[PDB]
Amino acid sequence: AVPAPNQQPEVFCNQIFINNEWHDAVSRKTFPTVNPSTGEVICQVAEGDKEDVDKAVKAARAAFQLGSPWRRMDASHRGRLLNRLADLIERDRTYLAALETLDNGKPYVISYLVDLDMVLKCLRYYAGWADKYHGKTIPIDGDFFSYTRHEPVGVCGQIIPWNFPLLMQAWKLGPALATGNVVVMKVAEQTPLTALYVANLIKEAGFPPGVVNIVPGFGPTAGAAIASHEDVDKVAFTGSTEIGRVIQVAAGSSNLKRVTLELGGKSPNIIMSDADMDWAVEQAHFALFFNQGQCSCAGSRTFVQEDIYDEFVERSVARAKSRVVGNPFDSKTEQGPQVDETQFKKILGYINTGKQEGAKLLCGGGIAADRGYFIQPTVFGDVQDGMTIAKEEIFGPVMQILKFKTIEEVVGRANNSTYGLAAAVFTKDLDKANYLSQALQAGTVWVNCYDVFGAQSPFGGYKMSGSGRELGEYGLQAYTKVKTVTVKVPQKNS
């Protein structure tokens, strides 16, 4: 049950957010953001640059000063505030789902039922962590009392992508604020709007000024400013593998700030011959096509055992051909447009590359509409490991199906990747499942499911898919600094 969408949501916030106030760029420059369904400009947005980031970092640093409201505040109260934000986001849930859909392209039903639900669950989960992340009292040798405090890292720079604007914002803000940090956040030029509105609610919820600061703008400018800043303590970045290198380089050439990265992937989805066919087919479709295919953990390498290959493919093509593409605000729409023109063209490039290399086109393969960046759900069969489409992140509605024989074989082929973000195993066999989840070199391994995310369970990549983890108790460690205090005592006893 979903409330009727306002298909033309008004935009209220489009400037830079610092100290709970709205600011034009120092330069007074602005940039257009576009509706990827129509190609029409939604509105102009403040274009943040190095000098704007400087203002934002200075505001955060002051907010973080010892004895400030934010620093003195009860941990439990940081929790109440996160809970209040959740309630405000829920109050304006219909509006935000619509705004997300307008700015990003994903179906309003998914924005509402998935993205918005997950945002509420993430903030609410982390609200609970604010006063429960304990330090230790330590049985150290000698006549001493030793213990640790789990202190905030400090000023945290956070750069989030366009594929899940609201959710990614929440994945970052939850652990950061629960642990008492202050934030300087750069949002994607493609999808700045929803985050800017949330900043208004952050103000409304009662967060002290300077605790959260959002600077819309371009990456080569605003993003690198954060990563290179001499007073930023930590930088978390979710984006492509390409941009990620550009960040850790800039971040290491400054003040030795802490760095975490959530990057691309080429995740294998393995279908053993004893898997439930109907289930494995629907899940493989879901695994790849979700969010217009725009997921780092997309199941973009579908390994199918030879004995069931033909039937699996047969059933998969029918499912991809029945996938409804169109107006994101139509309840019946399964697939919206790609986020922008640059993505649109790049996806079409990979499709054409697939054909040249001898992959077998089974459906789609071309443009799905003359208006907006709609691409047809595309499926490639008989893919081989050495193909570009088998190796590179496409980030589009393009599915690759490979055939294997043995379980030992597929382990080697699934693991032969510079990526290692996620993987899946579909089988009914207890031993096969335990064998594969242990042997697969990925941060998350799903068994008989896919894209199962909980605020409670960590997500992150092995290898070149990134470092560190988000979500769960683990997501706190990156936003925490350990101080050991060791006190001479008259006589230590047990």
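We number the residues from 1 along the sequence you see.
### Query
Do the CA atoms of 466 to 474 or those of 481 to 489 have the higher mean B-factor in the entry?
Comparing 466 to 474 with 481 to 489, the higher average CA B-factor belongs to 466 to 474.
#### Entry: 88 to 96 set against 370 to 378, stretch whose average Cα temperature factor tops the other in the entry
Averaging CA B-factors over each stretch, the winner is 370 to 378.
### Task
Report the option among 154, 293, 365, 299 whose CA atom has the maximum B-factor in the deposited record.
The C-alpha B-factor peaks, among 154, 293, 365, 299, at 365.
### Query
With respect to the C-alpha temperature factors reported in the PDB entry, which of 268, 220, 210, 128 ranks highest?
Highest C-alpha B-factor among the listed options: 220.
#### Entry: residue 33, C-alpha B-factor rank within chain (lowest, middle or highest third)
Its C-alpha B-factor belongs to the highest third of this chain's values.
### Message
Using the temperature factors of the C-alpha atoms in this entry, rank residue 27 within its chain: lowest, middle or highest third.
### Response
Its C-alpha B-factor, which the entry lists for residue 27, ranks in the highest third among residues of this chain.
### Query
Is the Cα B-factor recorded for residue 119 in the lowest, middle or highest third of its chain?
Lowest third.
### Message
Considering every modelled residue of the chain and its Cα B-factor in the PDB entry, is residue 50 in the lowest, middle or highest third?
### Response
Highest third of the chain for residue 50's C-alpha B-factor.
### Message
Which third, lowest, middle or highest, does the C-alpha temperature factor of residue 149 belong to within its own chain?
### Response
CA B-factor rank for residue 149: lowest third.
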